[PDB]
Amino acid sequence: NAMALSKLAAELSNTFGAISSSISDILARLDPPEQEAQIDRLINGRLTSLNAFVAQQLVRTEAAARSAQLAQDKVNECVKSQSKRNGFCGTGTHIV
Amino acid sequence: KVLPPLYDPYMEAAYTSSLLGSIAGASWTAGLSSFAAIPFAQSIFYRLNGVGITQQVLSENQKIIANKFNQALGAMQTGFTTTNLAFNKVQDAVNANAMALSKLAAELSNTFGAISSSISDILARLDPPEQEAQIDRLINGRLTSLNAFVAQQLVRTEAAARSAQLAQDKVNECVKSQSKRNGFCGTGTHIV
Amino acid sequence: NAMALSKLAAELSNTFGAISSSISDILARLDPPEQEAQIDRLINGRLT
Amino acid sequence: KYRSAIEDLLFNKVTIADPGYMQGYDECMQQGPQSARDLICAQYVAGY
Amino acid sequence: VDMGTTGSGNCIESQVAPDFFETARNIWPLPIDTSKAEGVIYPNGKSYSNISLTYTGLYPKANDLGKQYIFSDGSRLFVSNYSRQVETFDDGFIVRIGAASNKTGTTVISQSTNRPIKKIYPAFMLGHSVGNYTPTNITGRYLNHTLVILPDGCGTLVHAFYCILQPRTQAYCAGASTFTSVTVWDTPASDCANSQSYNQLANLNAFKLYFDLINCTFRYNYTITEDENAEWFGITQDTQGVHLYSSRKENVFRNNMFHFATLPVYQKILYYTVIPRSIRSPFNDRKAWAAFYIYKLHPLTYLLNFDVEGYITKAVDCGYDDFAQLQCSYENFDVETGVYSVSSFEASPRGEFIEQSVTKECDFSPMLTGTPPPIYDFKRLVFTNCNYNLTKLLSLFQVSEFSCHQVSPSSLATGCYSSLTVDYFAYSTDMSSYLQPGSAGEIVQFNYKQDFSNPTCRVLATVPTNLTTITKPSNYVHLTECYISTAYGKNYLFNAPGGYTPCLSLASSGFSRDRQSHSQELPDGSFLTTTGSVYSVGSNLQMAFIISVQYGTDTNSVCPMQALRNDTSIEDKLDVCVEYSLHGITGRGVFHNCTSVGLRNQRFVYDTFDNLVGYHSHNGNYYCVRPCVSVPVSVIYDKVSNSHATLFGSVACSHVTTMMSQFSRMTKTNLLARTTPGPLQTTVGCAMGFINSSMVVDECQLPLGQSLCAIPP
Amino acid sequence: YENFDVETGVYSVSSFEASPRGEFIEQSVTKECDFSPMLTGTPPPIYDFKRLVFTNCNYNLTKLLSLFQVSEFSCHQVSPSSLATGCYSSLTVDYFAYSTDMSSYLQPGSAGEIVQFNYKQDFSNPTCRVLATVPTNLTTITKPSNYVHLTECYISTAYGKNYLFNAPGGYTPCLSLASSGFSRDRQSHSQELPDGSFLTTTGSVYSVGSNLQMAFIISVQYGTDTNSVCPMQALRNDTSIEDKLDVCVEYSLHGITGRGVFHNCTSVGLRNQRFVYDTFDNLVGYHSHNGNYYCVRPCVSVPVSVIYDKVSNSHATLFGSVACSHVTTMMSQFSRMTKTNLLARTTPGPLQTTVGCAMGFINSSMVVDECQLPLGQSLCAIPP
Amino acid sequence: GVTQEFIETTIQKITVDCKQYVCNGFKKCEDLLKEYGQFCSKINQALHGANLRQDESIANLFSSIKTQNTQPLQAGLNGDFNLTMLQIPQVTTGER
Ligand SMILES: *[C@@H]1O[C@H](CO)[C@@H](O[C@@H]2O[C@H](CO)[C@@H](O)[C@H](O)[C@H]2NC(C)=O)[C@H](O)[C@H]1NC(C)=O
Ligand SMILES: *[C@@H]1O[C@H](CO)[C@@H](O[C@@H]2O[C@H](CO)[C@@H](O)[C@H](O)[C@H]2NC(C)=O)[C@H](O)[C@H]1NC(C)=O
Ligand SMILES: *[C@@H]1O[C@H](CO)[C@@H](O)[C@H](O)[C@H]1NC(C)=O
Ligand SMILES: *[C@@H]1O[C@H](CO)[C@@H](O)[C@H](O)[C@H]1NC(C)=O
Ligand SMILES: *[C@@H]1O[C@H](CO)[C@@H](O)[C@H](O)[C@H]1NC(C)=O
Ligand SMILES: *[C@@H]1O[C@H](CO)[C@@H](O)[C@H](O)[C@H]1NC(C)=O
Ligand SMILES: *[C@@H]1O[C@H](CO)[C@@H](O)[C@H](O)[C@H]1NC(C)=O
Ligand SMILES: *[C@@H]1O[C@H](CO)[C@@H](O)[C@H](O)[C@H]1NC(C)=O
Ligand SMILES: *[C@@H]1O[C@H](CO)[C@@H](O)[C@H](O)[C@H]1NC(C)=O
Ligand SMILES: *[C@@H]1O[C@H](CO)[C@@H](O)[C@H](O)[C@H]1NC(C)=O
Ligand SMILES: *[C@@H]1O[C@H](CO)[C@@H](O)[C@H](O)[C@H]1NC(C)=O
């Protein structure tokens, strides 16, 4: 959970090949014909990074939903009742 | 680098041998706390009795049941062909393991738009203002490829951990005990 | 299912930094030294 | 018929763009450009 | 170079009769075997091993019969019409030498004899222009410098030279009244020392008898080991010269042609003729010689398989077959049983669909009359719905700089736009650095800033003294300041990109002296001040043109003055791949008849992904545009039977038939001929190579979809 | 891992030690490329340019460029300085008489009659365009009467004006028609074709200034087997038989350059190629002049694994998949402490295990049921 | 009837030398790559964590040996059931 946020925040500080990671610095230091190229480089990199972040967030959300279903199963089987299965509610003969 | 597996093949052999030796048991008591030394044949006949075959039939057709079991075990060899789905899954896992390495190695040979895929060639053929851009292009491409490889490796590791949990469940339910479920341990009434 | 197809089709219409998203437009408006760069940009984006 | 009544209701309550498995390449010309099934008709333009 | 002693004396007469060599009895068809990598030039980029790659280059078509050339042996020599047939050197050709070299031979002049066959090296005459022989008017004479490949040394050496073939006048020689064909004789009856070691110049001497070699740039020769294995020879030309390929080079026991010579022939070779060879074998030791086959080289995609030793053992002609397309799409010679979606590798010739709106001509007359305005007071011309002639405008100026952005100077004269804006003013080219993007100084700040929001070109040009319509001004004037003098002072006003200076009205009075200042009191009590720099015009007046263009989606009305005809797609160029240029919109596509759809008043129809889908033509007919590879092709392959079939997913069979010029060559042939296993309509598309069987199965390894299975033969 | 406080475990680490590198130079003996036709006679007109192709020779670009006053040296995919110190499979030079005042007409994508009908540059290979002035001292090159370039090259049809345009790097179709020079400005030549149409060309004639000016279009090609076109260098042929073996060097072998470590290796590969590549186009082997096949590896090739125990604050090194003898003889790749420990025959020396060479370990008979430092293959590192 | 099923438990564990993979030990490339942040260290940590998690998962799966009672199966026929196909052959010529 912390790493997702850290990657999202830290991907805004790297230049991605441009002269600077700040759009203001690029606008101040360069002129429209090169300003467009540098800002486009920054835009391409940040778009790719944000798309990767969104895909990873979708994957994590689906995994968390499946794990929540598993937790509901565990609550129904091991907590609210006694399980005759082996290894579902820990090693040995499950009690509570 | 390809890291060695955590266990020697002898340890895996010991695991499978312990699995084979854990097949026989009471199979009728209400827990996992006691171990009975009932032999393998008696355990198999008790599993058949639990399936719904009365003791009279088991006593009558002892040799017939043993012969059918032996025929099944001997016909187990024929399943190691491309027609079988499980063998296809084994080869698919091997091919995925090989494909990860092949992609990782082959991504170092393509120029990604630069004049060359070699940093030495770029340094020799170009000069700082242009070679900086070419090396930056190569770096950006290689970083994207490495990030994709690491993400795919994380996904594969999580999938392998979940599949190992499923394998432990299958060992506990089908191998170490008899299954009253349908389709968890194959089609039909599970025996062993 | 619909959104996979929509994304696949819509990724062919955006320029990725090039002067145009059409290879024919790039070939008509530019010349080999710059044509190669623009087409390479489009190719790299589409491959990703 | 190949659908139960409850199946008919469930399928009628869900909107799915019909892929022209048969003669769908020619059906896209007759219909013309439509936003609802543009992704289905983009098969023969995008290349999927 | 020295070509040797000039030949003297008469030539040997030859009897020309194609009716003997070109007979159905002598036809021995040897199609190109792609499974053996026959006639495949080994790529010079690298020497790969144990891997299968696709390659684009000059390769022969699969199962190509080529052209067969048969030579005989002699007194009077017997030859065919080869010396007068002028073939076209399109991309090069490959020669199969001595495929039969141990079988029985049927001499075309002799009869009832079966001598062991011996291989022969072909002789070629490649040139740029072709013509007639003067005394006979027979075609096959090469003018100017001519490249001649000539085997020699009784077959152990090949002569390659490039120079003018001046015909002689002595009888039986080229350029004489008694000239029939350019035949060259080996004469192995002690005139080549065939019994002894092979060393002679008989072939070159015969050619020198036929032609006079003068002004000859180069003359190389390459030793050939006297063997009897089948050989492969190839020739191509590129910017580096003429390249010769031989299988003997790296391994005569292999089938790969490796580069072994580059010839400094940089002019394009357009024609080649096979020099007939009739050797003089006496009746004591007469022999039957082999025949060589010439296969044309085409630009094709090939899937090459490299051996563990690095040699190409087998190849796939990607566009030949649907199974070949399957192999090339997945880059796998050994493909497992299944149904695959394959790509298109066949390249078909494309027509042109041109529809240009009729418009008047844009007038650059104000740009070419009077005195050009100063930079701060530049004149702007905007052109819409007109035909421009940029050649006419640019031929009156001596351009010194043609910097362009997002467009090329050449494309600025052959492209169509929705608008064409030109800002022109007097500007000294010595001040070129001050007009550059991002430049410092007063020119950008106060006089003119270029607007890089549209494809724009900056032209710095010199007005020649001959052009008297443009009058040189007194000086060059540009503003050095434009500011509002407040209490603190110096509130500089800067030009917007493409706009005029705020001090334009103040500067309208002009500047007569250098560093002359003008001031105006604003109603707020502040003073608006400007200053101008005045410098003299040199020998020739120099101007600056800032051409900016805009590309439209519907109609690019500003089109170049082109005399292109308005093509008709009603009958021709329909359902076939074409390169269209309609009202300024260009691209490649396939046009079909459709009922008029799309938004009204619009010439072009686009989908939600900005793909050109429809087009309303001048003839009142609406057409559907496709990306020239639109029909989905699925190949059903059975490995056990080694049989394949094609499924055209989602397409009706009639449209598959009409749209036949998009698939592999074999598919095109099968769609042309009304074969009895013709296209079959199924529930998953049009099926080629299938039959409805009314068979019911419980499982299948080739599922077509929708509960359909392909039963292999 | 950029972590001062690393947890207990076995880690794959990078190489940060920089060691001095030698040089391995092996250059083939070749003749000298002759630029004499470029420096004698009158330079050809632009539409009738002369092409020189150099293969398997040694060029002195300094000698050629010292005789000219270069005004423009625009290059593509290569540098003007790298054009004098690089090796090529071929070197093509197109040269002609050209006024530097017409520089903008020779630029890529430029409009006008120069690209359309006289010369179009080819950008499929690394190419350089040089605009140079011939000094008056150089008297071997004779100034022509004028500068001549074609303004038209078309086939006159019924509709007329079927313009013929130059292919990149090729000659104009009107070259044979323009064989007869243009004595006057705007002189036109027409030729009747067998189709009945007329092929017409027109030339622009303008006088040569005080100094004759030329244009050189240098295009180069790079080969993976042997770059025979190499600059004339007095570099010695270094020997890697004893020195520079098992250590990182900067090699330049027959035009192929890079960094790597050379090992003795039994000759494996194709029996003709000098260089050996794998399926991923990596230089793996090299057949040397001394008849010995060398077995190229990158500067950092040996996998180094560090086994760290936080509690004891002790660490050990595992050289995965490497024999200990090769680790010893190939010590100039690791950290300074590792190099020192490999130089001196310490009693806890390199140890051969089933997962590679181990440094800092001892063979033990101890059997454990679990460990926090698994080396792989049922091996555990017991911390001191 | 015998139903055959494969359940994977491992993947090949790969550690990548990010610096060498990206830059091949070139100082210019390393200086240019340093502008991308801490990419190589993060890649190394991610791969190390994945390999560690796989190691713990496999150790957990194999830990059932320590707490599983068994019986010594007879070599060959176990009663009338032939288990030779599933048993490890015992040969004294060499190692087990
Ligand atoms: C093969 O070609 C070589 C090189 O062109 C020929 O050798 C030259 O022959 C000419 C006369 O034809 C002499 O003037 C030169 O001095 C020769 N040597 C050179 C250029 O190095 C040779 O005659 C040709 N024919 C063979 C070897 O049979
Ligand atoms: C029990 O099964 C084993 C293993 O399948 C059988 O041993 C095989 O016997 C055949 C026939 O004699 C030999 O060809 C093989 O080499 C043996 N080994 C294997 C591994 O197949 C054995 O015959 C079966 N029956 C009994 C009674 O032991
Ligand atoms: C027009 O767009 C609307 C958007 O809500 C959509 O519902 C409708 O079906 C569209 N009509 C067409 C494509 O004919
Ligand atoms: C021989 O070739 C000539 C052209 O050189 C051709 O006109 C003639 O028909 C040919 N004769 C045959 C094929 O018999
Ligand atoms: C060749 O052509 C010329 C010109 O038409 C003609 O006069 C002559 O009779 C022809 N035949 C010859 C020279 O055999
Ligand atoms: C060559 O002669 C033939 C004789 O039929 C004639 O038709 C042809 O025009 C001539 N060609 C030339 C180029 O003179
Ligand atoms: C080429 O041949 C033609 C036609 O015979 C002739 O007029 C010309 O002088 C020759 N030479 C050149 C350089 O064009
Ligand atoms: C041969 O070259 C000379 C100059 O060496 C030239 O004068 C003559 O015209 C040329 N002869 C031809 C091309 O027939
Ligand atoms: C013909 O015989 C020769 C000599 O033995 C042999 O090298 C060659 O392979 C044979 N076949 C052909 C097709 O030349
Ligand atoms: C354009 O201008 C040129 C100037 O010479 C003229 O010859 C030509 O006819 C004009 N029109 C075109 C090229 O369509
Ligand atoms: C190259 O040419 C220069 C010209 O001064 C000469 O001094 C030098 O020896 C030549 N050779 C080289 C640099 O190898």
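All ligand and atom numbering here is 1-based and tracks the order in the structure. Residue numbering restarts at 1 for every chain, and letters A, B, ... go by the order of the sequence lines. Note: hydrogens, waters and symmetry copies are ignored here, and every other heavy atom, side chains too, is used.
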Q: Suppose we measure from atom 6 (C) of ligand 6 to each protein heavy atom; which comes out shortest, and what is that distance?
A: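 Residue, atom and distance for the closest contact: E:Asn132 ND2, 4.2 Å.
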
Q: When rounded to the nearest 0.5 angstrom, what is the spacing between CZ in E:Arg115 and OG in E:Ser281?
A: 9.0 Å

Q: Look at the aromatic rings of E:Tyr220 and E:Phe218 and report parallel, tilted or perpendicular, splitting at 30° and 60°.
A: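 Plane angle under 30°, so parallel.
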
Q: If you measure from OG on E:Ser181 to OH on E:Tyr133, what distance do you get to the nearest 0.5 Å?
A: 8.5 Å

Q: For atom 5 (O) of ligand 1, what is the closest protein heavy atom, and at what distance to 0.1 Å?
A: E:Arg219 O, 2.7 Å

Q: Can you check atom 19 (C) of ligand 1: any protein non-hydrogen atom closer than 4.0 Å?
A: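 Given the 4.0 Å limit, the answer for atom 19 (C) of ligand 1 is no, no protein heavy atom qualifies.
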
Q: Taking the six-membered ring for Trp, are the ring centroids of F:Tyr59 and F:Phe54 within less than 6.0 Å of each other?
A: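 So the answer is no for these two rings.
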
Q: My question is simple, although I want it checked carefully: is atom 16 (O) of ligand 1 less than 4.0 angstrom from any protein heavy atom?
A: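 No; the ligand atom in question lacks any protein heavy-atom contact below 4.0 Å.
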
Q: Establish, yes or no, whether the cationic atom of E:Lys119 lies under 6.0 Å from the six-membered ring centre of E:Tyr121 and within 45° of the ring axis.
A: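 No, cation not above the ring by the 6.0 Å, 45° rule.
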
Q: Among all protein non-hydrogen atoms, which one is nearest to atom 9 (O) of ligand 5, and what is the separation to 0.1 Å?
A: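 It is E:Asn137 ND2, 4.8 Å.
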
Q: For ligand 6 and E:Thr139, I'd like to know whether there is a polar contact (N/O to N/O, distance under 3.5 Å).
A: no

Q: Looking at atom 2 (O) of ligand 6, is any protein heavy atom nearer than 4.0 Å to it?
A: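 Protein heavy atoms within 4.0 Å of atom 2 (O) of ligand 6 - there is at least one.
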
Q: Looking at CG of E:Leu77 and CZ of E:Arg280, how far apart are the two atoms once the value is rounded to the nearest 0.5 Å?
A: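 Reported to 0.5 Å precision, the distance equals 6.0 Å.
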
Q: Looking only at protein heavy atoms, identify the closest one to atom 12 (O) of ligand 1 and say how far it is in Å.
A: E:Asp2 O, 2.9 Å

Q: Could you tell me whether atom 1 (C) of ligand 1 has at least one protein heavy atom nearer than 4.0 Å?
A: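 For atom 1 (C) of ligand 1 the answer is yes, since some protein heavy atom falls inside 4.0 Å.
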
Q: Below 6.0 angstrom between ring centroids: does that apply to F:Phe165 and F:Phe117?
A: yes

Q: As a test of the contact definition, would atom 11 (N) of ligand 5 count as having a protein heavy-atom neighbour under 4.0 Å?
A: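 Answer yes: something from the protein, a heavy atom, is under 4.0 Å.
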
Q: Counting non-hydrogen protein atoms only, what is the nearest one to atom 13 (C) of ligand 5? Give residue, atom name and distance.
A: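 Here the nearest protein heavy atom works out to E:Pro135 O, 3.3 Å.
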
Q: Answer yes if the side chains of E:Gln240 and F:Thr92 hold a donor-acceptor pair under 3.5 Å, and no otherwise.
A: yes

Q: Please confirm whether E:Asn221 comes within less than 3.5 Å of ligand 1 when only nitrogen or oxygen atoms on both sides are compared.
A: yes

Q: Would you say the side-chain atoms of F:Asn237 and F:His289 include a donor-acceptor pair closer than 3.5 Å?
A: yes

Q: Return yes when at least one protein heavy atom is under 4.0 Å from atom 26 (C) of ligand 1, and no when none is.
A: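 Protein heavy atom within 4.0 Å of atom 26 (C) of ligand 1: present.
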
